[PDB]
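Here we start with a single chain on its own, the form deposited in one PDB entry, put down as structure tokens.
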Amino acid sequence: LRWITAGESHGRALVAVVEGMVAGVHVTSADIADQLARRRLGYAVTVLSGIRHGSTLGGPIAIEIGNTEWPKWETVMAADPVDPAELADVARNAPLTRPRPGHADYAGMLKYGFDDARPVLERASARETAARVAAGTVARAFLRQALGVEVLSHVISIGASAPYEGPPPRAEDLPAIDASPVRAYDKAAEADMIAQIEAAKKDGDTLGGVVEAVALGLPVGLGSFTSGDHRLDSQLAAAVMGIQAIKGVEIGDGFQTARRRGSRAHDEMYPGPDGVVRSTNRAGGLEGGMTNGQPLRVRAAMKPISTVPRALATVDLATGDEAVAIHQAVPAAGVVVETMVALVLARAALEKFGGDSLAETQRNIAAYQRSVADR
């Protein structure tokens, strides 16, 4: 499994391409739209290729997401050349030479030899995550139909709220979570987070937060211990840290595990009727690079990403003079993290179970499951 996104924030459209998905997975334009809608939660889809009659074909799946604001940008972001005199009269084509702290602006301009930040922010912008969730929808359809696996998210903290550290939600809690204005699972934590936002809004300030993706129903043995790169945690870490504004990733109890003693840090195993059973999940469902059957828990730390008006000092690269950054989402981050987790899980599953069609993959899964049971 591979995935690619393309598109500028104010270009004509975004494109998501996924290659390597088995034929026979049921996914539709509506499913993609539903997931794009979930991305819009918190306080135009065209399938071009790879799917026929709601079922994947096995070839590359290309998904286009149109930008509604395109008529406003079709000259400033035109693909082809445009008379530079006609363009000099266009206010919105003014160059951006004041990099926002915390953004790709400054490093991107220097890296690519740009003197206008526009090409950098157009591509760096988190609007790109919409293309990711289009791709992620294919992965999650596969995960559900092949493995009975569900993926979801909930917000652990926003701003200075007290982190919810109770049990993670199951799939049936998703409607309640999605109806929450902060996509919180816990009512007390919800109230605390809403309060933090209210105070930040009034102060005209911005907040980041912590988000936890949960994947349920995974078989034992996805990922591997054979090298650093094959470890599922390594894979998960790359996929979620690569999301815009993410500054930290944890598996399970993460950094808090590093503060516990070995006697209380791990998940002990006990005899059960249908295999080994654990009573805690501090590992977050990954041990030694592989899924252990427990719920997968991955946490992502998002920094405040909205630029706070007239608060951040910067430099005008055109002049060398002082300036202030001019401005241009935790629950939605949760949704994007779901997507990223889904993509990697799906890739890991195809790696272990192979197959070119869903039925074949399903056969291999069943047979692996039977063999584990016959142990």
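Basically, rigid core = biggest C-alpha set you can superpose within 1.5 Å across the two forms. Don't overthink the numbering: it's just position in the shown sequence, from 1. Only residues modelled in both forms are compared.
Omitted from view is the form deposited in another entry, to which the following refers.
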| property | result |
| --- | --- |
| Only residue that shifts (Cα, 2 Å or more, rigid core superposed) between this form and the one not shown, among 173, 116, 267, 74 | 173 |
| Direction of Cα pair change residue 230-residue 171 in the other entry, magnitude 3 angstroms or more | farther |
| Relative Cα spacing, residue 261 and residue 168, in the other entry - shift of 3 Å or more | farther |
| Regions of at least 3 residues displaced between this form and the one not shown by 2 angstroms or more (CA, core superposed) | 166-178 |
